[PDB]
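# Observations on the model geometry
Read off the chains here:
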Amino acid sequence: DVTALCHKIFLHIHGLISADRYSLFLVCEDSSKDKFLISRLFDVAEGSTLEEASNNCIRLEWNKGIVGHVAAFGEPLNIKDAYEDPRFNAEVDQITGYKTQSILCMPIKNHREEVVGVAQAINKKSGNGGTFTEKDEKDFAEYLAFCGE
Ligand SMILES: Nc1nc2c(ncn2[C@@H]2O[C@@H]3COP(=O)(O)O[C@H]3[C@H]2O)c(=O)[nH]1
């Protein structure tokens, strides 16, 4: 399998960097000059199957939300608060009814600098000072590099 095996790597990060939920959106564009984001797998937890992640998906605009900024350039960026930022999509908040305190923005690409999708993980954590460290950003892009293909 090539779809189920990709989920196996997703469970190891849930206990490595300590997170709540994971999602993966793919790049979709039309010939009418219109680009959009549509996640195939929605809501991933430690000890869940693909069948439970294949039901109900979220659709976001291109260069609209927090993932749209990273989706446009293709680099690992940090977000201090998505659902409370001036550049976010409030359509997912309607169905998810969840407010994150911090979210990591990291795009999914294949070897050659070619992008295919975007990876974002929302995990509510408490702390004073900064949002994330430089060592935590390397553990996110290294796991997607192998699974990205
Ligand atoms: N609760 C929850 N939200 C998600 C998932 N995938 C994407 N999102 C949210 O969809 C949102 C769209 O607006 P955003 O600013 O990109 O912030 C995005 C995320 O917070 C998921 O699997 N679970």
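See the structure printed just above.
Residues numbered from 1 in each chain as written, not as in the entry; some residues may be left out. Heavy atoms only, no water.

## A closer look at the site of the ligand
To keep things clear, this is the line we draw: We call a residue near a given molecule or strand whenever any one of its heavy atoms falls within 4 Å of it. Here a polar contact is taken to be a pair of N or O atoms separated by no more than 3.5 Å, where protein atoms must pair a possible hydrogen donor with a possible acceptor and residues adjacent in sequence count only if both atoms sit in side chains. The accessible surface values rely on the Shrake-Rupley method and a 1.4 Å probe; as for residues, cover is taken only from the protein chains in view.
For the ligand, the set of nearby residues contains 16 residues, the closest of which are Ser23, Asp43, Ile66, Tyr83 and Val92. In this structure, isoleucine 66 approaches the ligand through a main-chain N or O atom, which is 3.3 Å from an oxygen atom. Taking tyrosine 83, its side chain carries an N or O atom lying 3.0 Å from an oxygen atom of the ligand. Across the complex, the protein chains shield 98% of the 490 Å² of accessible surface that the ligand would expose by itself.

## Digging into the pairing of strand 6 (residues 114-122)
Spelled out, the test is: Following DSSP output, two strands are said to pair if at least two bridges run between them. Starting at the N terminus, helices and strands are each numbered in turn, a helix being any DSSP run of H or I of at least four residues and a strand any DSSP run of E of at least two.
With six bridges joining them, strand 1 (residues 21-30) and strand 6 adopt antiparallel strand pairing. When the bridges of strand 6 are listed, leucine 24 appears paired with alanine 119. Sheet analysis places strand 5 (residues 103-110) next to strand 6, joined by eight bridges and oriented antiparallel. In the strand pairing of strand 6, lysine 109 is matched with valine 115. Counting the residues between successive antiparallel strands, the hairpin from strand 5 to strand 6 contains three residues, one of them, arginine 112, with a positive phi of roughly 135°.

## Examining helix 1 (residues 5-13)
Since one α-helical turn is 3.6 residues long, residues separated by three or four positions face the same way. Here is the rule we go by: Note on exposure labels: buried denotes an accessible area under 20% of the residue type's maximum, exposed denotes more than 50%, and partly exposed covers the range between, all computed with a 1.4 Å probe on protein chains only. The arc in question is traced by the directions running from the helix axis to the C-beta atoms. It only takes one pair of heavy atoms within 4.5 Å for two residues to be counted as in contact.
Among all positions of helix 1, only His7, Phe10 and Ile13 are buried. Across the axial projection of helix 1, the buried residues extend over an arc of 105°, all falling on one side. Exposed side of helix 1, more than 90 degrees from the buried face: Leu5 and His12 are the residues found there. In this structure, the buried side of helix 1 is in contact with strand 1, strand 2 (34-44) and helix 4 (134-147).

By themselves, these figures tell us nothing about what the structure is for.
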